Each structure stands twice: as structure tokens, then as C-alpha cells.
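**Student:** once you've seen the sequence and the experimental structure below, I've got questions.
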Amino acid sequence: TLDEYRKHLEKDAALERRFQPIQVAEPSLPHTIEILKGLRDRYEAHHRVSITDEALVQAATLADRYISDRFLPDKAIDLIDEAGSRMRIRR
Amino acid sequence: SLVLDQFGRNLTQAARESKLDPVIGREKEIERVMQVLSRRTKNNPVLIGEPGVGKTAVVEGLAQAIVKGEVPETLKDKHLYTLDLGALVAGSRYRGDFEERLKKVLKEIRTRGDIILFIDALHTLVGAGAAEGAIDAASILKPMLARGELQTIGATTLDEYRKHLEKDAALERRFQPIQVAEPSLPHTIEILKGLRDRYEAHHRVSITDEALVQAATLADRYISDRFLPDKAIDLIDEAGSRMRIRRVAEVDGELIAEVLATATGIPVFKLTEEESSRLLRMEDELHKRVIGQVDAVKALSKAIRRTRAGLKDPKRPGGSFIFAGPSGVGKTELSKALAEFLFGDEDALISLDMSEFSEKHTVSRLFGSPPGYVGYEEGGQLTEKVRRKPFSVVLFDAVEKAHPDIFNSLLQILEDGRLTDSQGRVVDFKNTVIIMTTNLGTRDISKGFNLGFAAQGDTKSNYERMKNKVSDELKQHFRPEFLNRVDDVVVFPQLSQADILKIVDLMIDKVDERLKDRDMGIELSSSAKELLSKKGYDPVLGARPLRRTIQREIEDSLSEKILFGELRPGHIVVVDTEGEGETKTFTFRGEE
Ligand SMILES: Nc1ncnc2c1ncn2[C@@H]1O[C@H](COP(=O)(O)OP(=O)(O)OP(=O)(O)O)[C@@H](O)[C@H]1O
Ligand SMILES: Nc1ncnc2c1ncn2[C@@H]1O[C@H](COP(=O)(O)OP(=O)(O)O)[C@@H](O)[C@H]1O
Ligand SMILES: [Mg+2]
């Protein structure tokens, strides 16, 4: 992470010199929707439920808009996982 | 030499096999190293220097000179062995195992007198042995080093030399330090020319002289946290790897520029026709979001074009602007539009709300706490953001509402393009665009005349009077040295009726997007737009009263209709006007 890179890895300049940093940026909304579409199969298999495309779009949009403490790819998956668990316990 | 080969590596043998890269232009350092080595009492040189300047390269060049070429007497046919110091510690569980290995190595070295030791990372020599019953390597080596019975070479950086070697003054006094300075630009060019053959052979490509020159110049100018030889070598190697993977292959300037731009994000790649055409139409692209304010758009476009054309001063930021004007005219909207045009959206802007910097002791939020104070390790807040994104737009909103001392910290930003945090690190600002927004000298826009008798009247429009007032207030509020560093001061005139009529379309489009979020839509007639423009228009308060009027006259009715149930998904609403004169009102009709 950026904080760990600055706080710890930069205290040893000789070790930090031997690495080439690469920036991994937070994905945009369409990229998050594609990721959710990709992981829908695995999450449906684990939770024994079915997820609609509208559910993925709503999860991505709502996570991007309202939840502001984390970053997009994870907080969108969290809503889907929580919904799956809530639906599973109801049986 | 079996015991030496078990816990070390023969550098001279490797140099005889051409397994070491050539060393260019280090004659003075090698000469001084040999001169120190051929001493009588303390012949132990240590090379201290910044990481990546070529400290190990000096030792490798000395080994190559010993193997082939001319070296002074007492150094003819000497074997230079690198002591890894990691194998000695390994496998020494029982008491007196590290000491036995060290004593055996020293005895072999004394027996075979043509041996010179090299110990990379000399700071690790302190406390080599573990706790309990053990004698560390430094204390064992001290007597031989003091008397000159063991020629050795060390290499460290300044940080751990001052941090570890200087703690043990007794061991520190036995070594003669030699400074290794970072090479200049022509020396780096010569080094690149020397290593070109090896890198071309490894990557099976061809590298031009212009490629080396461009790599050296760009690495010197744009990369900040590294040092010149390593930066240039990394650029050349990565460009060669990229071209090899793409597949005679040839590496030239544009590939180096593209690699650097991809690595850092600063736009330095070669200009194409499409990008040039896009840059020549920057004003038209920006006007899609900002109505009016032609002068500010021209200034911003000129600054961006000058930056991209290659005529920017390489020691100052790309541009510095003071946007002064009344409320609700588009000062922040223009900055957001510029950010969206530049990177991908208004979310990439670096915005500071100067209303929080009311007290002069808040300036630490730009630098960080000094050493020995809470929050010292966290560093600065602006410095970190700029360092993690060298090419960005920095905005200071409502500059007049902060204490008139925080901006004393902007001087070095606006003239030298740099800022130092409390930890001593320098973060450059040479690729940023600085915008400072204010409404100073705009309190008298709704003024008719001045006190006292006067014949005829002021023929100057509001723009000229407001410009003079802004200039006077700016000179009154800021120091002359701060205003002498600002590239441009742009005054924003008020909006006219046509500007409001045009902004109505953008606001209606935003409302339409909000409605379409729920699968709906809204369409207005020309009469509706004209009525909305007429109802909300105040020359003093800008385009915010238009927003309030739009919300009151449209959104309340739309919410009432949606909650009731008349408007449902799959339907669109059409807004028209009824009545005449001052009794004209709006009518909403549903439609599929
Ligand atoms: N020239 C303009 N073109 C388009 N929209 C505008 C323009 N001026 C103002 N607006 C609208 O009015 C809103 C408020 O204006 P804005 O935030 O740009 O004001 P400002 O000039 O920064 O003033 P303040 O001194 O109040 O900060 C904008 O978000 C935009 O919707
Ligand atoms: N004088 C020089 N001639 C050729 N190459 C050099 C020279 N100095 C440094 N280099 C190159 O710089 C690279 C890294 O240098 P390095 O030996 O790691 O320095 P340090 O040991 O101080 O970190 C090496 O691969 C080397 O090829
Ligand atoms: Mg504003």
C-alpha cells in the first residue's frame, strides 16, 4: 500500500532502489460492473442463489455513491456478499 | 582458496571472464582508492555515497584494472575477493562456530599474501555475531585493521554510515572515507554509450545516440527520488524490453519518451496530428461546460499549449492564475472543467478549502510536524498528494479567507517549483498548474455612484471599474513579492441574459440525467426555457438564483407527481407554458 510503502519501505533506500514501482488505480464504474459480472458465477455458486444484472448495477452505483470510506472494487463486492448471506440464512 | 571460495566470491576471476560491466570515467576515484590501499598503517578505503551512484562499479573497475591494464606496484597480481558475510553466520548454532570460520579465513588470507577483501554493506559488519557467548566480527577484525595487516575495501551510503559506523567510533577511525559523487549529464551520456553494447546484445535490439541523449535528459529532469546513472540505465533497459516484447528492432527518442510518460504520467510523448488538432481547439472543448468568460479560457488554453509545445520554463510550474470575480460566475466551474478536460473528470482535481486555514499555525498541514512532535512521521498532506501525482491541477479556493501568511509558503512554489516537508524531502511542483480563486474587490458591483457632486457620469462599464477595484484590493491584501510571481490575474465579468439562457440547457440536462437514473426524462419547450431564464436572473448573484428558481419551479412539482404516482418509470414529462404576461405558468404533461 502507499502508506506502508512510504512509512517502512522508504527507510531502506538501498532496498527501495532495486524495485520499479507500478501504480494500480481504482477501477471506474464500468470496470467495477464488469468485475461484478465476472465474479457473479462464483458468488452464485457459493451462496446457492441467483443474482440479476440490475442487482450488480445497483450495488456498484450505490457503493460508489454512498459508502465513502473504502475503494470501489471491494465495497461493491461486499454488498453482494452480504445480500447473499442474508438471503441464505432465511432458508 | 577453497575456504575463501566457500565464504566469498573471486571478483578478479569474474573480471578475467568478462562477467562485469565496463566502468567509464572513474579514474580519479580508482586512483585515490589505490593510493589509500598502498599505505602502511590504515590502508582501508570506504566509499560512501548515495544509492545508485556506482559505488560497486568503482570496485569492479579496480578489479578489471588489476586483471588487465596497468596498476602501480604492490598491487600487481592481487586477488580481490568479495566477502559475502552471510555464509559465515549461517550454520553456526554451536558456540564458537562463526569465530572459527572467521579465524580460518583470516589465517588463509595472511598465509596467501595476495588477497584484498571487499565487504559490501559495511554497516552490517557491526554486531555480526549473535548474543550470549559470541565475539562479533568487528572486534575480531579491529587489531589487524589497525596495524595494516589486512587490506580491505568497504562501501556504504551516507545514511547508514552516519547511523551505524559513527556509533562505533573505534571501528570508524580505521577506515578512510572517499566521497563518490553523482555524475553530471555528459558523464552519464558516456556511461550509457559504454553500456549500449551490452544492453543491445542482451535485448537483441539497436539503440541510437539520440535515444541515449533523450534517456539521460528525461531521467535527469523528470525523475526525482532516484539518481542519474540508475535512472538512465532503467529507462534504456525498459525501453529495450518493451521493444523486444513487441516483436531489425530499433530504439529511438519517442520510445523513451513514451516509456517515461507511462511510468510517471507526465505528458512528454511525441506530438501526433490528432492531439495537436485537439489542443488547437481547447477553447471550444472547454466552452461546452463554461458559458462566457472568454479571457480566462484563452489564458488556460495558452498555458496548456505552451506547456505541450515544449516552451515551458523547466524551473517553474506550468501556470499560475488568480481568478478574481463575483459570486457564481464560474471560477470553480472553470477549474473543474479544466481538470475534466485534462485527466478524466473533475475528481482528479487537488482542491484545498482555504476557509480552514484561518489561523497562521495551521500551515503545518502543508508541511507536517517538525521533528520531535506528534504527527511527525505522517508527513505533509499537500506534499504527499503532489508527490504521488506530479502532473495535476492544484486549486486554492477562497484565498482571501485564510490568514495572510500561509501564502508565504507559496513563494518557493511559484518561483522555484519546489516544497520541502518537515522530514527534509523535496517535492517538485514544476509540472502542476496553480489556480487561486477569490472575490476580492467585488463588493461594489451593485453601486450607482460615488459620494460627492459630479457632472455627466462614469462612461466605463462595470467591467473596467471592477477590474480597477480588484487590482487595488489585490495590491492591498498581498505582498508585492507574492504578486510578482503570479503569471496571470484574470477578472471574471458578470453573466448576461443570453448566458443564463444557455446555462438553463445545462441545468435541464443535469435534471434529465437525474430523472433518467430512474428510467424517465424531461423535455422543455422554447417558451419554458425563456420563462425560466426570465424568472431567475440577478446580475449580482450569478447563476445560483437560476438554480434555485429551476428547483422551486420544476423539482417540487416533479417530486409531488412522482410520489402521487402520475409519473412512473417508462414515461417522460413535457413542460410547456400557459397564460400571458406576468401570469405565465408551467404545465407538466406525461407521455410515453
Ligand atoms: N459560466 C458558467 N457556465 C455554466 N454554469 C455556470 C457558470 N457560472 C456558474 N455556473 C453554475 O453555477 C454553479 C455555481 O458556480 P461556481 O461554483 O462556479 O461559482 P464561483 O465562481 O466559484 O463562485 P463563489 O465565489 O460563490 O465560489 C456552477 O456549479 C454551475 O452549475
Ligand atoms: N562509472 C560507471 N560506468 C558504467 N556503469 C556504471 C558506472 N557507475 C555505475 N554504473 C552502473 O550503475 C548500476 C548500479 O550501480 P551500483 O553498483 O548499484 O551502485 P551502488 O552500489 O552505489 O548502488 C550498475 O549496473 C552499473 O552498471
Ligand atoms: Mg467557488
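**Tutor:** Structure received. Numbering: from 1, shown residues only, chains lettered A, B, ... in the order given. Ligands and ions are numbered 1, 2, ... in the order given.
**Student:** which residues does residue A:61 contact?
**Tutor:** Shown in contact with residue A:61 (CB atoms under 8 Å, 6 or more residues apart in numbering or on different chains): residue A:29. Bear in mind the C-beta positions are built from the backbone N, C-alpha and C, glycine included.
**Student:** try residue A:48
**Tutor:** residue A:88.
**Student:** and it, how close does it get to residue A:85?
**Tutor:** Residue A:48 is 11 Å from residue A:85, where distance means CB to CB, to the nearest Å.
**Student:** first-to-last residue distance for stretch A:61-77?
**Tutor:** End-to-end span of stretch A:61-77 (CA to CA, to the nearest Å): 12 Å.
**Student:** tell me which residues in it are buried?
**Tutor:** A:63, A:64, A:72, A:73, A:75, A:76, A:77 (16 or more other CB atoms under 10 Å in any protein chain shown).
**Student:** with stretch A:5-19 instead?
**Tutor:** Residues A:6, A:13, A:16, A:17 are the ones in stretch A:5-19 that count as buried (16+ other CB under 10 Å).
**Student:** then that stretch to CSV, C-alphas only?
**Tutor:** The C-alpha trace of stretch A:5-19 is given here as CSV (Å, rounded to 0.1, in the frame of the first residue of the first chain):
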residue,chain,number,x,y,z
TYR,A,5,5.5,2.0,1.0
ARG,A,6,6.2,5.5,2.3
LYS,A,7,6.5,4.7,6.1
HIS,A,8,8.5,1.5,6.0
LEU,A,9,10.0,0.6,2.6
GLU,A,10,11.5,4.1,2.2
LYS,A,11,13.5,3.8,5.4
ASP,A,12,15.9,1.5,3.5
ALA,A,13,16.8,3.4,0.3
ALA,A,14,19.2,0.6,-0.9
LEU,A,15,16.3,-1.9,-0.9
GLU,A,16,13.8,0.5,-2.4
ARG,A,17,16.3,1.3,-5.2
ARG,A,18,16.0,-2.3,-6.5
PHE,A,19,12.3,-2.1,-7.3
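**Student:** from the middle of its chain, how far away would it be?
**Tutor:** Chain-centre distance of stretch A:5-19: 27 Å, with CA atoms, centre = their mean, to the nearest Å.
**Student:** do stretch A:29-42 as well
**Tutor:** That offset, for stretch A:29-42, works out to 10 Å (CA atoms, centre = their mean).
**Student:** pull out the buried positions in it.
**Tutor:** The neighbour-count check on stretch A:29-42 (16+ other CB under 10 Å) flags A:32, A:33, A:35, A:36, A:39, A:40 as buried.
**Student:** spit out the contact partners of the first one.
**Tutor:** I take that to be residue A:32. By CB under 8 Å, 6+ apart, the residues touching residue A:32 are A:60, A:64, A:72, A:73, A:76.
**Student:** again, but for the last one
**Tutor:** Under the criterion of CB under 8 Å, 6+ apart, the contact partners of residue A:40 comprise A:51, A:56, A:80.
**Student:** between these, which is nearest chain B?
**Tutor:** Using CB to the nearest CB, residue A:56 comes nearest to chain B of the contacts of residue A:40, at 16.1 Å.
**Student:** and the buried residues of stretch A:61-77, which two are the farthest apart?
**Tutor:** A:64 and A:77 (12.6 Å; CB to CB).
**Student:** picking up where we left off before, let's have the contacts of residue A:40 in TSV, adding distance to ligand 1.
**Tutor:** Shown next, in TSV, are these (distance: CB to the nearest ligand atom, whole Å):
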residue	distance to ligand 1
A:51	37
A:56	31
A:80	34
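**Student:** residue A:2: which of those is nearest?
**Tutor:** Once CB to CB is applied, the member of the contacts of residue A:40 that ends up nearest residue A:2 is residue A:80, at 26.8 Å.
**Student:** identify, from the buried residues of stretch A:61-77, the entry nearest to ligand 2.
**Tutor:** residue A:73 (37.0 Å; CB to the nearest ligand atom).
**Student:** hang on, the closest one packs against residue A:35?
**Tutor:** Yes - contact criterion CB atoms under 8 Å: residue A:73 and residue A:35 qualify, at 6.0 Å.
**Student:** which residue, neighbours along the chain excluded, lies closest to the residue of chain A most remote from its centre?
**Tutor:** The C-alpha centroid of chain A is most remote from residue A:14, which lies 33.4 Å away (CA atoms, centre = their mean). Closest residue to residue A:14 apart from its sequence neighbours, by CB to CB, 6 or more residues apart in numbering or on different chains: residue B:51 at 5.0 Å.
**Student:** which residue does chain A bring closest to ligand 1?
**Tutor:** Using CB to the nearest ligand atom, the single residue of chain A nearest to ligand 1 is residue A:65, 18.6 Å away.
**Student:** do a quick rundown of the helices in chain A.
**Tutor:** For chain A, the helices defined by DSSP state H cover A:2-7, A:13-17, A:29-47, A:53-65, A:72-89.
**Student:** now do the contacts for the residue farthest from the centre of chain A.
**Tutor:** Taking CB under 8 Å, 6+ apart, we find residue A:14 in contact with B:51, B:121, B:157.
**Student:** surely residue A:88 meets residue A:47?
**Tutor:** Yes - applying CB under 8 Å, one finds residue A:88 in contact with residue A:47, separated by 5.6 Å.
**Student:** and those two? Which one has more around it.
**Tutor:** Legend: neighbour count by other CB atoms under 10 Å in any protein chain shown for residue A:88 and residue A:47, higher for residue A:47 (17 against 12).
**Student:** can you pull the contacts of that one?
**Tutor:** Residue A:47 makes contact with A:81, A:84, A:85, A:87, A:88, according to CB under 8 Å, 6+ apart.
**Student:** most neighbours of all the residues you listed, which one?
**Tutor:** residue A:84 leads the contacts of residue A:47 on contacts (other CB under 10 Å) with 17 neighbours.
**Student:** can you count the residues close to residue A:60?
**Tutor:** Per other CB under 10 Å, the neighbour tally for residue A:60 reads 26.
**Student:** hang on, it packs against residue A:37?
**Tutor:** No - look at residue A:60 against residue A:37 with CB under 8 Å: they stay out of range, at 10.0 Å.
**Student:** picking up where we left off before, shared neighbours of residue A:48 and residue A:85, anything?
**Tutor:** Residues touching both residue A:48 and residue A:85 (CB under 8 Å, 6+ apart): none.
**Student:** count the neighbours of residue A:82 for me.
**Tutor:** Counted with other CB under 10 Å, the neighbours of residue A:82 add up to 11.
**Student:** err, residue A:52, not the other one
**Tutor:** Residues lying near residue A:52 (other CB under 10 Å) number 9.
**Student:** one more: the one 5 residues further on?
**Tutor:** Using other CB under 10 Å, the number of residues around residue A:57 comes to 15.
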